[PDB]
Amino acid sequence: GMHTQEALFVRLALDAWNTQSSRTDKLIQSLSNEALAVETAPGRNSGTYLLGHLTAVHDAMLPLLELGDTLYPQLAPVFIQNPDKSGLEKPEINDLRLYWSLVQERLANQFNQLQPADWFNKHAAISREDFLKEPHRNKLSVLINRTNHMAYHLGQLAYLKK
């Protein structure tokens, strides 16, 4: 019944995250460093930047979902707070590939241990008071939102496959 239904909608949301994650991971693995460094389209973000961006955004989900601290806080100034052509030094690409992999794996670990119910609790960026009015502003809503963020950028990364 109701406990089972809650488990089914967590499955749906997690299956979409996992599908986008698989596609993103496989795409990144398929590209050489030289191919990743190219702009996704003229004047637009490089694959390297999008990799770092996705990594930083996913890492930030850890504290937002009360699943632990970020692993790599120094990525956020480079890949969230500043644009690609900022002139700020980036990590080497193979280090970014590893950070991506370790953030994704930590999230998978943590997600796989959460009970369906925990997903319906508030995320860290909303007050208890505001969550009462809008209980849809929960941890699952973050998962859903970031899954679409990833899909959006995956459409751009797709243009690096020549």
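The numbering used is simple: start at 1 and walk along the sequence shown.
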{"query": "Mean Cα B-factor comparison, 1 to 9 or 152 to 160, giving the higher one as deposited", "finding": "1 to 9"}
{"query": "Mean Cα B-factor comparison, 128 to 136 or 61 to 69, giving the higher one as deposited", "finding": "128 to 136"}
{"query": "Highest-ranked of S101, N33, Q115, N109 once sorted by CA temperature factor in the record", "finding": "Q115"}
{"query": "Chain thirds of CA B-factor: placement of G47", "finding": "middle"}
